[PDB]
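J.: Dropping the structure in here first, questions after.
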Amino acid sequence: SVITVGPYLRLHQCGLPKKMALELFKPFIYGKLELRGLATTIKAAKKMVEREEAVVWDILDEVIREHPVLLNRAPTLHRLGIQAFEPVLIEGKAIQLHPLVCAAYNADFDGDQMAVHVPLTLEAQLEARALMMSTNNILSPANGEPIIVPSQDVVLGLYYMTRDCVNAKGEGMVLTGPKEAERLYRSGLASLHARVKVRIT
Amino acid sequence: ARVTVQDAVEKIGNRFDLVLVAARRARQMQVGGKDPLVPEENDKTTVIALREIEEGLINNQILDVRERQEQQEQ
Amino acid sequence: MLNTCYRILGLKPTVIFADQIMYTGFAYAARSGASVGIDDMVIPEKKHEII
Amino acid sequence: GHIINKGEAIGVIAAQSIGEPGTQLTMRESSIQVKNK
Amino acid sequence: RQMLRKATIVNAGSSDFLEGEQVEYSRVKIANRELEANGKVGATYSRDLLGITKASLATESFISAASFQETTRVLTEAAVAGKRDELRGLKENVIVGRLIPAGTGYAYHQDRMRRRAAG
Amino acid sequence: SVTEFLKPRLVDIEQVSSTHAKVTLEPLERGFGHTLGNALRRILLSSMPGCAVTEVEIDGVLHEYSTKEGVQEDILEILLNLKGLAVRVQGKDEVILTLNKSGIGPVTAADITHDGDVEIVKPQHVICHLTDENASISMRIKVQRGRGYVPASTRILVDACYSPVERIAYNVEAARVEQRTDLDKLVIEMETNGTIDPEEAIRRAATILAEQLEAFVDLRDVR
Amino acid sequence: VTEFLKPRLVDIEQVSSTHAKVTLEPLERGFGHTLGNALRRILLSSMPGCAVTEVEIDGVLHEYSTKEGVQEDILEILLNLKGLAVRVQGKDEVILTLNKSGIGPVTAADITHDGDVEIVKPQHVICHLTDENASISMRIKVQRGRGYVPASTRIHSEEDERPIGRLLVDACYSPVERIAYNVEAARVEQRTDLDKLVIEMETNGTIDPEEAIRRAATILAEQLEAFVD
Amino acid sequence: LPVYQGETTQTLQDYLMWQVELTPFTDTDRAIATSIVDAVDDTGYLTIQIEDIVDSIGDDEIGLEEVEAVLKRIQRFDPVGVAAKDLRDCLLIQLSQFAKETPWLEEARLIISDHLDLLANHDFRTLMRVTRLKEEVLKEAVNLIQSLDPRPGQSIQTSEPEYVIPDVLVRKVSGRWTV
Amino acid sequence: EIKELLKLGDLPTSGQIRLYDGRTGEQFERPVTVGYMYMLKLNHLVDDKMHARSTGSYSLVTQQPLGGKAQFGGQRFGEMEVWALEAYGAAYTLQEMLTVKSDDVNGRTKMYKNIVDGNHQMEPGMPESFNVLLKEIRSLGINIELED
Amino acid sequence: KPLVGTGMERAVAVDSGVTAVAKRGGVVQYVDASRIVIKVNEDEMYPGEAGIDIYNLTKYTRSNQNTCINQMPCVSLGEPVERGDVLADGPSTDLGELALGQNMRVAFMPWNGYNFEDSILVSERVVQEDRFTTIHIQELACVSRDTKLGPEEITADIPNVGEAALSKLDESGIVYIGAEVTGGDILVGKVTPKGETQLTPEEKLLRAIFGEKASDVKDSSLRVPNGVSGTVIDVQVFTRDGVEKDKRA
């Protein structure tokens, strides 16, 4: 799969396009279809999944929801080269990756590929949920520095939104602190405003 | 979806025996014959067992207690 | 920020805090603009005598 | 945030994080100065 | 620590009049031989380090240290000597395809080790 | 089809407090989530009728660099506390309020004189900080009728928050109805200063915008 | 309310047959560019329109070959016909015919005219022929839709239909394709200063500006009224 | 690896084994199904008799009724109707799979039931006289029966020699045969 | 020269231009520099790069799935991959990827049966590649066997 | 054509020989979508020839990398074209200039993270006007490979197949030019003869019932591999001398 940027799609989540889905989970789809009484025979289930009926997409979305998957860069060099996430179904042909983990994965969002792997037994799902998961691999295992470290556009935004030219609109404004967004959005002051007094709890 | 695994980790501490106990728990749930002691919220047996363990009710000991209690009940 | 947040609070607060940091940063970097152009870089006039 | 457990392979965790930074280079009595007191 | 194994010995020490034995092996031998029955028979050893390419070959299991550098030499030496692997290293279990004695599987292997005591 | 549009049905809301609420909708048609959220936010922020304090005439120096005289709290944060007061007026216009209390120290909203149409959502709101002795003080605040906001720099003395809202934000997510996932799901978070139900406030904004646009259709959809 | 002074549609201007300028009455503060943005997004999003759907033609068979006597390739003909702008009356899914022989340019003028089809640009170019003995004869179906729908999506609509010889094209269904707005302040002295929102649109001429603005306002209302309850 | 090595195929029997494995059957039922799968043909008809299968089972319990039930389950198990062991049985299976609303479906079923010999000799007059079928209208039922996919299993079977091993080469050139 | 040419077309010589948001209708500050750029599409497009697989045809030798998209092949796991997977202590996942996903003939059918039956249970068996290794070593005058 | 060039593009376009240039031409007589004729003037004309030059265009032929090479003329009718002039535009060429790509309007600004490191946004308008849309040509082949059991014939008489499957097959078995095909639908119907059998009472009965198949041939038809959908541009057939089947060759 080729890689893209997940601006949404929070940390514990990766974007599986539906085309690769319904193939990896095909035995799961067959089993659940036999469970719901919509397929009395394996051949009927095969015919229906090969016809991509609406119930097939529904049953996929129901079964893949709480089930981890794992992602892997082609040259994996260090500890975090392999990770796991929660799949989220996407209308496309590229797996969407969380932007922070691009630091550990050494990714660059150009022409690139990842391998995907679905753990089968409940045990493998368990160590994927406990050890493979990105919610636990924050600190590095080599030195101790937290691996997730923003350096891109988010940093430029944070730098811009904490500054002051000399004094923006409404230099002498005093507020309580929730009103700051209210006054940036409508009118009255800019984020570049200096000498602004507010109460902080 | 469960976001992080820390509470059951604190309860077990080993970070590996939790995997084994949760596995043996979810196995008996999936094969049947057990009732989820924690209310389910339309979630599969894996995260359900994890939340039940993190609640402070299932471990390597109580599950064995139920096991030999039912074995002697035969 | 993230180092202290993880050390003092725990795991869940620092993870959600990092997520929110990214969300706010993308929002504001899209609101800020922050373009680039030729005149943005300013060549010092002194070079000509220095050279 | 705790002491390390029993059973994990240190040697695999080691010897792998050491070769990670593949960003090195290839192709290669009288003067005493003190800093402070 | 991996660099510091395969110590050579100048003294007989009732263990072996040989060279090229593992440091932990000699430590165990002197612990269970000197303290237990005869502390007078001491084995004076010399710690000699071996490099990466050559320390790896000096391993008790012929299954491992085979794909490392060369298989023909290790196979010939194992055939002539007649060594047994016992599947102790991780790579051995990788080739065989059983639970690695590490992490969640370690306990199982540990139990197996205990289960190997009686029968 | 030709002119059929998907109308929101799932209008479930959930509230944590009486002033906080999170509203979620069902999949809306492409692009309309963003415009609906933006328009609703700006109409509910920049123009809501309401009652607020615009100025006070306290005994002392009209200048900001006034002194304590046992109040032991600078008039600036006193006025900031006055800003966080929700005064509701039923039918009357601009009116004057005044207060007088003993020297116990806890100054709450109940200290003000009670009027027929003047009402306070919460009577425990802090007005002045704990005084040092039995000395009292007269406020002489006034409240008006208006909509939106206007600062006191241009239109005079403290401030004028006619808008009865605290915070507002909108979010757009992907959603699907049957097969296509090109559906917008809109989620709205808004915090209220008080005196109005969040759903009531958004409904009021919807009515205001709807009547503000009805003259554009020129009497359309008669039957 | 305090007399929100509702605006009214006034001074409709038609700069050109494909470019038009619309003005309203003054309104309250904070209401100009919000209306501008909402109306702009709606007019760009879903205004019903009329386009071509598929083409059948006797001479050529598939859309990767040629026909003797014509200058451009068949795909060029399809691309030219996709941009064809035409308005249709109440009934939809209409079919018209085009037949012409000679060496002269072929335009939208020499097409069989029905009472429910109006060509806005008869100066269109439809791949002028070159040979005297060349004679083109072909058919078009024009339908009405609302948004962009490609050729691959409506494959499922025809399984036993579409025999060998009918070539399907893409749909646009967007009759405006460019709009902008501006806000100023004028035309009020007796009351406080008000603002005038002034909207510049450049359609293909198929739809009328007042009709389009009315449709956008109606659809905004039919979207919003679900929130009053 | 890219090195050319044999790729496994269904071989017209692995599909049956996979269907048996996926389908729920008893251990004795599984053994009987394996025995039935052993008695298979490239065309798709059961080579050995049912009594032969019972004898090969070698179990006092193994009865003809259970064997018949297993054979019936296996017949509908695989996507292709197989193990019929009779052209009439295969035609009946095809007709049962066919929709009820068919032209002269009942007439075709009746003809397939016990008028197979009349069709074999193409004795159309005799068939019309015996079955009392409609004249020139039973031809539609005959045509429908013709499209019933005889030997359905043979579709899964595909193999060719692709070898001639030539020894001499003679061809026309310059107007004359040269060898 | 560029600045002078921009004057003839009635453009700001600076090169920036004010841009509004397409969603809020608000004016951005720090005006963005837009332009017209020649841009080209490369041959590495997704419609060929994408590939997935669940279960296909295997090789007669070593019983492994084919590989790189040649007649519906499967992916490749690596030495560095297993180093990392061991480093996590995820022994069970490695066991699955050594037995269930591999040459183990008696494991693939059993796991398919368990999954379609919803059992999610593992049965290891022993890889066929090791049997090939044993047979190949015994081809040389070297005896190798498995003890108890 | 690219807006900003270097001047070498004209030479590199005329020099790859991918376009059709005009040699010793004076004026154009007849123009077609695939054929060009030029009447040379008597100045550049030598005795012994009519005085006409003809260029046959190349339309939608496969390339090595499965891309489409197509050529479009530039002259319309009766244009005086001197020596060395370009006449047709080859792939990615415009008026004899090399041009591979489009001029897109671009803006340099972060947009909610969608341009995170090297990720690129695209407007719907780019898709609408069919910018950056490419044509791919694929090839499939089939041979007969006469065996010991007998020659293999392409007769469209495939056993164990539906009529709808054969609805896109002509008499000989090839597909009508310009038809569409997806999935594993059959292109060429080739059958492999099977060795003769004994009396075989079951098979004899089946042949007396159905006939015309007798399990004589196995289905070896050429079917599109999975995940390929397209439209047939054209088929060709090559037959060795000595065989003159030529059903629709």
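So you can find residues: chains in the structure tokens are A, B, ... in the order shown, residues in each start at 1, and ligands are numbered from 1 in order.
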If DSSP is run on the backbone, what residues of range 55-219 of chain G are strand (DSSP E)? A reply as a VMD selection string would be ideal.
T.: chain G and resid 55 to 57 86 to 88 94 to 101 117 to 119 135 to 145 166 to 168 179 to 184 196 to 201
J.: Counting only C-alpha atoms, what are the residues of chain I within 6 Å of chain H, and for each of them which pair of atoms is the nearest and at what distance in Å, to one decimal? Sort the table by chain and rising number, as a tab-separated table.
T.:
```
residue	atom	partner	partner_atom	distance
I:57	CA	H:8	CA	5.5
I:58	CA	H:7	CA	5.5
I:59	CA	H:7	CA	4.9
I:60	CA	H:6	CA	5.0
I:113	CA	H:22	CA	5.9
```
J.: Using the selection just defined, write its residues with N, CA and C atoms as an mmCIF file, in the first residue's frame.
T.:
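Output file part.cif follows:
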```cif
data_model
loop_
_atom_site.group_PDB
_atom_site.id
_atom_site.type_symbol
_atom_site.label_atom_id
_atom_site.label_comp_id
_atom_site.auth_asym_id
_atom_site.auth_seq_id
_atom_site.Cartn_x
_atom_site.Cartn_y
_atom_site.Cartn_z
ATOM 1 N N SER I 57 -2.500 -19.792 -4.305
ATOM 2 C CA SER I 57 -1.758 -20.988 -4.670
ATOM 3 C C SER I 57 -0.361 -20.937 -4.068
ATOM 4 N N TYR I 58 0.136 -22.092 -3.644
ATOM 5 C CA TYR I 58 1.458 -22.202 -3.045
ATOM 6 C C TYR I 58 2.395 -22.977 -3.965
ATOM 7 N N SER I 59 3.682 -22.912 -3.648
ATOM 8 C CA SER I 59 4.692 -23.637 -4.399
ATOM 9 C C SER I 59 4.750 -25.092 -3.943
ATOM 10 N N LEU I 60 5.069 -25.979 -4.887
ATOM 11 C CA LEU I 60 5.234 -27.386 -4.542
ATOM 12 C C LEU I 60 6.463 -27.612 -3.674
ATOM 13 N N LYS I 113 -10.809 -23.476 9.126
ATOM 14 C CA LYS I 113 -11.975 -24.065 9.777
ATOM 15 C C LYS I 113 -12.307 -23.352 11.081
#
```
J.: Give me, as JSON lines, the closest atom pair and its distance (Å, one decimal) for every residue of chain E within a cut-off of 7 Å of chain I, counting only C-alpha atoms, rows sorted by chain and rising number.
T.:
```
{"residue": "E:79", "atom": "CA", "partner": "I:142", "partner_atom": "CA", "distance": 6.7}
{"residue": "E:97", "atom": "CA", "partner": "I:98", "partner_atom": "CA", "distance": 5.9}
{"residue": "E:98", "atom": "CA", "partner": "I:95", "partner_atom": "CA", "distance": 6.3}
{"residue": "E:99", "atom": "CA", "partner": "I:91", "partner_atom": "CA", "distance": 6.0}
{"residue": "E:100", "atom": "CA", "partner": "I:91", "partner_atom": "CA", "distance": 5.6}
{"residue": "E:102", "atom": "CA", "partner": "I:89", "partner_atom": "CA", "distance": 5.7}
{"residue": "E:103", "atom": "CA", "partner": "I:89", "partner_atom": "CA", "distance": 4.0}
{"residue": "E:104", "atom": "CA", "partner": "I:91", "partner_atom": "CA", "distance": 6.3}
{"residue": "E:105", "atom": "CA", "partner": "I:91", "partner_atom": "CA", "distance": 5.4}
```
J.: Please write the residues from the selection above to a file, keeping N, CA and C atoms, as a PDB file, in the first residue's frame.
T.:
```pdb
ATOM      1  N   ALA E  79      29.154 -32.675  12.352  1.00  0.00           N
ATOM      2  CA  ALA E  79      29.070 -34.076  11.960  1.00  0.00           C
ATOM      3  C   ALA E  79      30.214 -34.889  12.550  1.00  0.00           C
ATOM      4  N   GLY E  97      10.249 -23.564  14.920  1.00  0.00           N
ATOM      5  CA  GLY E  97       8.894 -23.054  14.865  1.00  0.00           C
ATOM      6  C   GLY E  97       8.077 -23.364  16.100  1.00  0.00           C
ATOM      7  N   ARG E  98       8.617 -23.031  17.268  1.00  0.00           N
ATOM      8  CA  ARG E  98       7.932 -23.197  18.540  1.00  0.00           C
ATOM      9  C   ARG E  98       8.036 -21.894  19.324  1.00  0.00           C
ATOM     10  N   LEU E  99       7.292 -21.819  20.427  1.00  0.00           N
ATOM     11  CA  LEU E  99       7.213 -20.589  21.205  1.00  0.00           C
ATOM     12  C   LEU E  99       8.592 -20.169  21.696  1.00  0.00           C
ATOM     13  N   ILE E 100       8.971 -18.937  21.377  1.00  0.00           N
ATOM     14  CA  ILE E 100      10.266 -18.378  21.754  1.00  0.00           C
ATOM     15  C   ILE E 100      10.321 -18.241  23.271  1.00  0.00           C
ATOM     16  N   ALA E 102      10.853 -16.087  25.362  1.00  0.00           N
ATOM     17  CA  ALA E 102      10.990 -14.653  25.559  1.00  0.00           C
ATOM     18  C   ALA E 102       9.604 -14.028  25.591  1.00  0.00           C
ATOM     19  N   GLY E 103       9.445 -13.006  26.422  1.00  0.00           N
ATOM     20  CA  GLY E 103       8.169 -12.310  26.507  1.00  0.00           C
ATOM     21  C   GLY E 103       7.069 -13.227  26.986  1.00  0.00           C
ATOM     22  N   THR E 104       5.879 -13.071  26.398  1.00  0.00           N
ATOM     23  CA  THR E 104       4.717 -13.848  26.814  1.00  0.00           C
ATOM     24  C   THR E 104       4.949 -15.349  26.711  1.00  0.00           C
ATOM     25  N   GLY E 105       5.698 -15.801  25.711  1.00  0.00           N
ATOM     26  CA  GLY E 105       6.015 -17.207  25.601  1.00  0.00           C
ATOM     27  C   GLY E 105       7.045 -17.718  26.579  1.00  0.00           C
TER      28      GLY E 105
END
```
J.: May I ask which of the residues A:148, A:16, A:26, A:130 is the closest one to chain E, counting only C-alpha atoms?
T.: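 Among A:148, A:16, A:26, A:130, it is A:130 that comes nearest to chain E.
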J.: Smallest atom-to-atom distance to residue 103 in chain A: which of A:128, A:74, A:115, A:140, using only C-alpha atoms?
T.: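 Using only C-alpha atoms, the shortest distance to residue 103 in chain A belongs to A:140.
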J.: Using only C-alpha atoms, find the residues of chain B whose closest atom to chain I is at most 9 Å away, then write them as a PyMOL selection string.
T.: chain B and resi 16+27+30-31
J.: Near residue 56 in chain A, within 12 Å and counting only C-alpha atoms, which residues show up once chain neighbours fewer than 2 positions away are dropped, as a tab-separated table (two decimals) with N, CA and C atoms, in the first residue's frame?
T.:
```
chain	number	residue	atom	x	y	z
A	18	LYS	N	-10.99	0.28	1.64
A	18	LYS	CA	-11.89	-0.86	1.66
A	18	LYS	C	-11.54	-1.91	0.62
A	21	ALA	N	-9.38	-4.33	2.37
A	21	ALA	CA	-10.38	-4.95	3.23
A	21	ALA	C	-11.31	-5.81	2.38
A	22	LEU	N	-12.04	-6.71	3.04
A	22	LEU	CA	-12.91	-7.72	2.44
A	22	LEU	C	-12.09	-8.79	1.72
A	23	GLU	N	-10.77	-8.62	1.64
A	23	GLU	CA	-9.88	-9.66	1.16
A	23	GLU	C	-9.11	-10.30	2.30
A	25	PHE	N	-9.88	-10.05	5.48
A	25	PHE	CA	-10.87	-10.52	6.44
A	25	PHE	C	-11.89	-11.46	5.81
A	26	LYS	N	-11.62	-11.96	4.61
A	26	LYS	CA	-12.59	-12.81	3.93
A	26	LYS	C	-13.03	-14.03	4.74
A	28	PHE	N	-13.18	-14.23	7.97
A	28	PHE	CA	-14.04	-13.64	8.98
A	28	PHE	C	-15.41	-13.31	8.42
A	29	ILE	N	-15.46	-12.76	7.21
A	29	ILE	CA	-16.73	-12.44	6.57
A	29	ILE	C	-17.54	-13.71	6.34
A	30	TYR	N	-16.88	-14.77	5.87
A	30	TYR	CA	-17.58	-16.03	5.67
A	30	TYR	C	-18.16	-16.56	6.98
A	32	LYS	N	-18.88	-14.94	9.85
A	32	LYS	CA	-19.96	-14.11	10.35
A	32	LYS	C	-21.21	-14.22	9.49
A	33	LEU	N	-21.04	-14.35	8.17
A	33	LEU	CA	-22.18	-14.54	7.28
A	33	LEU	C	-22.90	-15.84	7.59
A	36	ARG	N	-24.95	-15.17	10.81
A	36	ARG	CA	-26.16	-14.36	10.72
A	36	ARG	C	-27.26	-15.01	9.88
A	38	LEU	N	-27.51	-15.53	6.76
A	38	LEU	CA	-27.65	-15.03	5.39
A	38	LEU	C	-26.99	-15.94	4.37
A	39	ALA	N	-26.17	-16.90	4.81
A	39	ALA	CA	-25.49	-17.81	3.89
A	39	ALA	C	-25.61	-19.22	4.45
A	45	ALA	N	-22.08	-17.74	0.29
A	45	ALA	CA	-21.30	-16.66	0.87
A	45	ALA	C	-20.27	-16.14	-0.11
A	46	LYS	N	-19.59	-17.04	-0.82
A	46	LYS	CA	-18.61	-16.62	-1.82
A	46	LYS	C	-19.27	-15.80	-2.92
A	47	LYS	N	-20.43	-16.26	-3.40
A	47	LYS	CA	-21.13	-15.53	-4.46
A	47	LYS	C	-21.55	-14.14	-3.98
A	48	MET	N	-22.07	-14.04	-2.76
A	48	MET	CA	-22.52	-12.75	-2.26
A	48	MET	C	-21.36	-11.79	-2.02
A	49	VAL	N	-20.25	-12.26	-1.45
A	49	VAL	CA	-19.11	-11.37	-1.24
A	49	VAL	C	-18.50	-10.98	-2.58
A	50	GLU	N	-18.52	-11.88	-3.56
A	50	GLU	CA	-18.05	-11.53	-4.90
A	50	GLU	C	-18.99	-10.57	-5.61
A	51	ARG	N	-20.21	-10.40	-5.10
A	51	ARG	CA	-21.13	-9.41	-5.64
A	51	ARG	C	-21.16	-8.12	-4.84
A	52	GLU	N	-20.40	-8.05	-3.74
A	52	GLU	CA	-20.22	-6.83	-2.94
A	52	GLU	C	-21.56	-6.18	-2.60
A	53	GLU	N	-22.44	-6.97	-2.00
A	53	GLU	CA	-23.73	-6.45	-1.57
A	53	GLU	C	-23.55	-5.52	-0.37
A	54	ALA	N	-24.61	-4.75	-0.08
A	54	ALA	CA	-24.54	-3.78	1.01
A	54	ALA	C	-24.34	-4.46	2.35
A	58	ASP	N	-21.64	-3.80	5.40
A	58	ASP	CA	-22.08	-3.65	6.79
A	58	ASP	C	-21.38	-4.64	7.71
A	59	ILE	N	-21.35	-5.91	7.31
A	59	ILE	CA	-20.76	-6.95	8.16
A	59	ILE	C	-19.26	-6.73	8.29
A	60	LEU	N	-18.60	-6.27	7.21
A	60	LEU	CA	-17.20	-5.88	7.32
A	60	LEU	C	-17.03	-4.79	8.37
A	61	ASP	N	-17.79	-3.70	8.25
A	61	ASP	CA	-17.63	-2.60	9.19
A	61	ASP	C	-17.94	-3.03	10.62
A	62	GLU	N	-18.81	-4.02	10.79
A	62	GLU	CA	-19.11	-4.50	12.14
A	62	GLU	C	-17.99	-5.37	12.68
A	63	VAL	N	-17.31	-6.13	11.82
A	63	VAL	CA	-16.34	-7.09	12.34
A	63	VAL	C	-14.96	-6.46	12.49
F	178	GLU	N	-25.28	4.52	2.85
F	178	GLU	CA	-25.37	3.12	2.45
F	178	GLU	C	-24.07	2.62	1.82
F	179	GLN	N	-23.62	3.22	0.73
F	179	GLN	CA	-22.38	2.84	0.07
F	179	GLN	C	-21.37	3.97	0.02
```
J.: At a cut-off of 8 Å, using only C-alpha atoms, what residues contact range 20-30 of chain C? Leave out same-chain residues fewer than 2 positions from it and give the result as a compact mmCIF listing (two decimals) with C-alpha atoms, in the first residue's frame.
T.:
```txt
# COMPACT_ATOMS: atom_id res chain seq x y z
CA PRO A 7 -4.67 15.01 9.52
CA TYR A 8 -7.74 13.62 11.30
CA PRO A 150 6.40 17.31 16.35
CA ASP A 153 3.86 22.55 10.20
CA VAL A 154 2.32 22.18 13.67
CA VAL A 155 5.50 23.73 15.09
CA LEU A 156 5.25 26.68 12.70
CA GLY A 157 1.63 27.17 13.71
CA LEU A 158 2.46 27.12 17.42
CA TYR A 160 3.05 31.93 14.93
CA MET A 161 0.26 31.81 17.50
CA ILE C 16 -4.44 13.12 24.17
CA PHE C 17 -2.47 16.33 24.71
CA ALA C 18 -0.13 15.53 21.82
CA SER C 32 -1.73 31.78 9.32
CA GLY C 33 -0.80 31.36 5.65
CA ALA C 34 2.99 31.71 6.11
CA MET J 109 0.52 27.45 2.19
CA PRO J 110 -0.17 24.84 4.91
CA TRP J 111 -3.72 23.50 4.68
CA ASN J 112 -4.88 21.62 7.80
CA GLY J 113 -1.92 19.25 7.46
```
